[PDB]
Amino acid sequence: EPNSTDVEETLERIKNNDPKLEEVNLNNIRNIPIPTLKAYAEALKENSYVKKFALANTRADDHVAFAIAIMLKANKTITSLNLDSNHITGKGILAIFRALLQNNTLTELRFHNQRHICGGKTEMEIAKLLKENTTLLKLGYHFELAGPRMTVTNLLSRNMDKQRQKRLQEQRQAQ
């Protein structure tokens, strides 16, 4: 259904900060140039209306992951990011988790089913990095190592608890 037409036009709309574009979905669109995927990331940096960005199954690679990481350090709007079924490696994934040190607005990240498998050292490091982020509530990924898997689940439950705590101590103290 969507195609290179929509891809160029939607990108313009992002750059223009169109208030009516709250969701960008590129899922399953083939033959998007890597630099076009990068441009999406670059445009989204200062976009104030896009809440969800989904690029699943676009052949996005680490260059795309790096571009997205940069954008994540700046963007205060996107709450849900879908990277499933792409060519992102553990490097691209670490860059994103390092970016999340600087991001308190993204609550859902999913990278299921990458064609290049993450690696244990990367899973161990994701868990270490996630400790420093208190706003991510959902991580779409299935861990190979039982240890990082447990730690990440506990961290996500923690973050869920931290968000209720913040809201409650706002409501309580605002009387």
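Residue positions are given as counts along the sequence shown, with the first one as 1.
- Relative to its counterpart among 53-61 and 121-129, 121-129 has the higher mean temperature factor, C-alpha atoms as listed in the PDB entry.
- For the pair 107-115 and 143-151, the record assigns the higher mean C-alpha temperature factor to 143-151.
- Based on the entry's C-alpha B-factors, the most elevated value among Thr77, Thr89, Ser85, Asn82 belongs to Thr77.
- Compared with the other modelled residues of the chain, the Cα B-factor recorded for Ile34 ranks in the middle third.
- Among all modelled residues in this chain, the alpha-carbon of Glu8 has a temperature factor (C-alpha) in the lowest third.
- Per-chain ranking of the deposited C-alpha B factor places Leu44 in the middle third.
- Looking at the C-alpha B-factors along this chain, the one for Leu94 belongs to the middle third.
- Remark: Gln163 belongs to the middle third of its chain, ranked by C-alpha B-factor as recorded.
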